[PDB]
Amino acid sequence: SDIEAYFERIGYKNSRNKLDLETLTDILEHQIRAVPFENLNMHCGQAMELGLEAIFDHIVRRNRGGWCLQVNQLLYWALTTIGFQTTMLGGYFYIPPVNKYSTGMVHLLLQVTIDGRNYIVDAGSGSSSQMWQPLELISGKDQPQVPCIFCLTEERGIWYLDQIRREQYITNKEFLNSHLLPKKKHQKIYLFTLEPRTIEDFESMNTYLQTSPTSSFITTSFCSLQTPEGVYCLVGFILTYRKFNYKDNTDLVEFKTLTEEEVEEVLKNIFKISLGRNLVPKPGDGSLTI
């Protein structure tokens, strides 16, 4: 069955029968530790399809990852299939280079409801903005996790996801001021509303993110993967590993510039990604941070 194939791909053993927060959390953790956030198809002449069947084949059968519109849509399907009350929601991503949120609803995230209680579930935020556990929809409540403290705030009927990050210790002197590093401790991630969506509500933005000259995905090859202690992120030729809370409430960040030849090996061994066509990695302009 497709659902067993999905659980195998994320390494999850669905042995407990229960549709509770522990189960939801375990599945989220498993997915973000197995299925990379990635846009590499856009850099090897291949499709960024929005169809669930195409996404399932790519992620589950070919052991690839994707961006929010894919990985959260797959998670939507899995959670729905096993019986969680799940809704797709649309968000607007914060754009640090211009200190504004996106005009377009470029982000897909989920809400899961368990006996009336609401949780925001997003397996596709990218790099060190990624939640490890679901966030309860409670405005103003601190939600500390290993990555950072997450904050959901409501203003004027709009919901805002922010994080408070630790100080960063950079082990490579050459990258102390990399444009890959988030600058502020207090970072806006995205905003959203509780209006239920269908995947067709993202069809126009799926195209936009592949074609608009404003899209950072066109000019940046990006992949990230969570681990139980940190985050791997490859942006063009620059491989980074972040260990959360290394010491003294500080994160540790390693950087290495890869050769073209080393990219393929790193993709295989770190991200479990094998590409069927030639990749053209692209560094970006600091729009997509680790």
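So that there is no doubt, residue numbering starts at 1 and follows the sequence shown.
- The PDB entry records a higher mean C-alpha B factor for 246 to 254 than for its counterpart among 22 to 30 and 246 to 254.
- On average the C-alpha atoms of 259 to 267 have higher B-factors than those of the other stretch, with 259 to 267 and 56 to 64 being the two compared.
- When the Cα B-factors of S128, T220, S178, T80 are read from the PDB record, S178 comes out highest.
- Among all modelled residues in this chain, the alpha-carbon of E49 has a temperature factor (C-alpha) in the highest third.
- Per the PDB record, residue ranking by Cα B-factor puts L275 in the highest third of the chain.
- Compared with the other modelled residues of the chain, the Cα B-factor recorded for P196 ranks in the middle third.
- For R9, the recorded CA B-factor ranks within the middle third of the chain. Only modelled residues enter the ranking.
- When the CA B factors of the chain's modelled residues are split into thirds, the value for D162 lands in the middle one.
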